[PDB]
Each structure stands twice: as structure tokens, then as C-alpha cells.
Amino acid sequence: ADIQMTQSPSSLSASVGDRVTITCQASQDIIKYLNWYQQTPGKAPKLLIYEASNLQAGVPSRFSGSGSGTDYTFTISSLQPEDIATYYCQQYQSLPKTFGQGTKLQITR
């Protein structure tokens, strides 16, 4: 009964300026009721993209989200060092909310 979110990739590394992409697929239609969170180990999770594609205030325009129906995409256009975090997606089309496994993003040396 609980919707399952498959998030890819599990972890990825890139260097500064690079374009990065994260996708998650819902186990059924969630009608763009999907958010993208940034998380740092010590702090509370920051909401970056609301309702699949609406970017939240105080978040760089580098970040964006697209998707519809089943498939949803998150995109950091230009990677900067402030962006080291775990990124993860949550659906709220049917409660309880189910998150994705999360993407551990790093900066390559």
C-alpha cells in the first residue's frame, strides 16, 4: 500500500562547476507531489524543490527540479562546495510520506 521511491544514483562525485543530476521513480503516479531535500549531518533538512518543480526561497537558482507522473529529476546546474550533502526525495501523494534512499554527493579532488 505504501508507495516506493527508487532514487538514483546512490552516491556520486563531481568537481566544481560540473552539472549533476538525480532521479527518483515512484512506484505509482504521484501527480508531481514530490519534494527534494538537502541534508547535512548536523542540521535539519532544507527543502529545495517543492511540488516537483517550484524552487524555494533562499536557495540558489543553480538548483532545479523537473518531473511528472512517475519520473522526477533534480539538477544542480553548476556544482559548488556548499553543495556537499545528501539529497533525497519524498512523495506526499499518499500518506504516510515515503522518502528515497538518498544521494551522497561529494566534490572530486
# chains A, B, ... in the order shown; residues from 1 in each chain; ligands from 1
>>> residues_around(residues="residue 43 of chain A", least_positions_apart="4", cutoff="12 Å", atoms="only C-alpha atoms", output="CSV table (one decimal) with N, CA and C atoms, in the first residue's frame")
chain,number,residue,atom,x,y,z
A,38,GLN,N,17.8,18.8,0.8
A,38,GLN,CA,19.2,18.8,1.1
A,38,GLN,C,19.4,18.6,2.6
A,39,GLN,N,20.4,17.7,2.9
A,39,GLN,CA,20.7,17.4,4.3
A,39,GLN,C,22.1,17.3,4.6
A,85,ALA,N,26.4,17.3,0.5
A,85,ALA,CA,25.2,17.0,1.3
A,85,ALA,C,24.7,15.6,0.8
A,86,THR,N,23.7,15.1,1.5
A,86,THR,CA,22.9,14.0,1.0
A,86,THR,C,21.6,14.6,0.5
>>> residues_around(residues="residue 1 of chain A", least_positions_apart="4", cutoff="10 Å", atoms="only C-alpha atoms", output="ChimeraX atom specification")
/A:94-96
>>> write_last_selection(atoms="N, CA and C atoms", output="PDB file, in the first residue's frame")
ATOM      1  N   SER A  94       0.281   9.993  -1.379  1.00  0.00           N
ATOM      2  CA  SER A  94      -0.448   9.113  -0.476  1.00  0.00           C
ATOM      3  C   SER A  94       0.351   8.992   0.812  1.00  0.00           C
ATOM      4  N   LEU A  95      -0.318   9.231   1.958  1.00  0.00           N
ATOM      5  CA  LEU A  95       0.342   9.178   3.254  1.00  0.00           C
ATOM      6  C   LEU A  95       0.312   7.758   3.817  1.00  0.00           C
ATOM      7  N   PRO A  96       1.337   7.356   4.592  1.00  0.00           N
ATOM      8  CA  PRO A  96       2.466   8.162   5.073  1.00  0.00           C
ATOM      9  C   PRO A  96       3.488   8.504   3.993  1.00  0.00           C
TER      10      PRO A  96
END
>>> residues_around(residues="segment 58-66 of chain A", least_positions_apart="6", cutoff="10 Å", atoms="only C-alpha atoms", output="PyMOL selection string")
chain A and resi 19-23+32+34-36+46-52+72-80+83
>>> closest_residue(among="A:54, A:101, A:7, A:13", to="residue 33 of chain A", atoms="only C-alpha atoms")
A:54
>>> closest_residue(among="A:57, A:89, A:107, A:26", to="residue 3 of chain A", atoms="only C-alpha atoms")
A:26
>>> atom_distance(atom1="atom CA of residue 5 of chain A", atom2="atom CA of residue 55 of chain A")
20.8 Å
>>> closest_residue(among="A:108, A:29, A:102, A:97", to="residue 17 of chain A", atoms="only C-alpha atoms")
A:108
>>> atom_distance(atom1="atom CA of residue 68 of chain A", atom2="atom CA of residue 31 of chain A")
6.5 Å
